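> Provided hereafter are the protein sequence and its experimental coordinates.
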Amino acid sequence: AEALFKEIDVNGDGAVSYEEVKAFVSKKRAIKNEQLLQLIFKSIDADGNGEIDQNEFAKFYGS
Amino acid sequence: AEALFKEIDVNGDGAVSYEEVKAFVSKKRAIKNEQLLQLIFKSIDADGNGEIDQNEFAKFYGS
Amino acid sequence: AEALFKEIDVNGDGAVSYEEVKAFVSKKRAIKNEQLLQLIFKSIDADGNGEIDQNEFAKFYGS
Ligand SMILES: [Sr+2]
Ligand SMILES: [Sr+2]
Ligand SMILES: [Sr+2]
Ligand SMILES: [Sr+2]
Ligand SMILES: [Sr+2]
Ligand SMILES: [Sr+2]
């Protein structure tokens, strides 16, 4: 992966160190979760106004 | 959930922000784990005196 | 476990506290992951020279 190697290799020395792999992995886990949480958020917030009022939170219960 | 919305909404402005959801989730994950760990602890500690001596720890091995 | 109780019991008072269990668990989770990551690393790095060049990273893709 052209682009991908360049992302993980932060100092740009053409090599991917351990700290680098360990960092990318960490970074990736983070984003993945952020992304999932927001998807759930923007979801509950029906009127996408950025907040969840008692009603939306209320309409968010199937059992 | 009456009580529940009030817990997640910390500043009490009637709304639940993203930071708020993200926080509650975090808080919840924490407690869940604490609770599980302790259940395992209080378990091994047969004489519930708050400590696990070599014997209890010893009697805690099925294979 | 002879050796094991002594590892978890850090202050060496013959007892294993909660903080102690909670710590060992944490410590263990850490090592386990470090170990796995490295196994993946040393793996990709075919010439075990400590770095992963564009080629190895390149030869590391089955689909
Ligand atoms: Sr590098
Ligand atoms: Sr809304
Ligand atoms: Sr709020
Ligand atoms: Sr005990
Ligand atoms: Sr102790
Ligand atoms: Sr190499």
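The structure has been received and is ready for your questions. Numbering: from 1, shown residues only, chains lettered A, B, ... in the order given. Ligands and ions are numbered 1, 2, ... in the order given.

> wait, a strand at residue A:23?
No: if the criterion is DSSP: H, G, I helix; E, B strand; the rest coil, then residue A:23 is helix and not within a strand.

> OK, contacts around it?
A:8, A:10 (Cβ atoms under 8 Å, 6 or more residues apart in numbering or on different chains). From N, CA and C alone the C-beta is placed, and that goes for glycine too.

> and if we set it to 10 Å?
A:8, A:10, A:17 (Cβ atoms under 10 Å, 6 or more residues apart in numbering or on different chains).

> so which bits of chain A are right by chain C?
A:1-2, A:4-6, A:8-9, A:13-18, A:20-22, A:25 (Cβ under 10 Å from any Cβ of the partner chain).

> swap in 6 Å and give it another go.
A:5, A:15, A:16, A:18, A:21, A:22 (Cβ under 6 Å from any Cβ of the partner chain).

> look up how far residue C:35 lies from residue A:18.
12 Å (Cβ to Cβ, to the nearest Å).

> give me the more crowded residue out of the two.
residue A:18 (16 against 10; other Cβ atoms under 10 Å in any protein chain shown).

> how many neighbouring residues does the closest residue in space to the more buried one that isn't next to it in sequence have?
Excluding its sequence neighbours, the residue lying closest to residue A:18 (Cβ to Cβ, 6 or more residues apart in numbering or on different chains) is residue C:41, at 5.6 Å. When neighbours are counted by other Cβ under 10 Å, residue C:41 registers 19.

> quick one: residue C:41 from residue B:3, how far?
Taking Cβ to Cβ, one finds residue C:41 at 48 Å from residue B:3.

> does the residue nearest to residue A:18 belong to a helix, a strand or coil?
Classified using three-state DSSP, residue C:41 is helix.

> what helix or strand does the most centrally placed residue in chain A sit in?
Compute the mean C-alpha point of chain A, and by Cα atoms, centre = their mean the closest residue is residue A:31, 2.6 Å away. Using DSSP states H and E, residue A:31 sits within helix A:18-44.

> got the angle between that helix and helix C:18-44?
On the basis of axes from the mean of the first three to the mean of the last three Cα atoms, to 10 degrees, helix A:18-44 is oriented at 110 degrees to helix C:18-44.

> give me the buried stretch members for helix A:18-44, please.
A:18, A:20, A:21, A:24, A:41 (16 or more other Cβ atoms under 10 Å in any protein chain shown).
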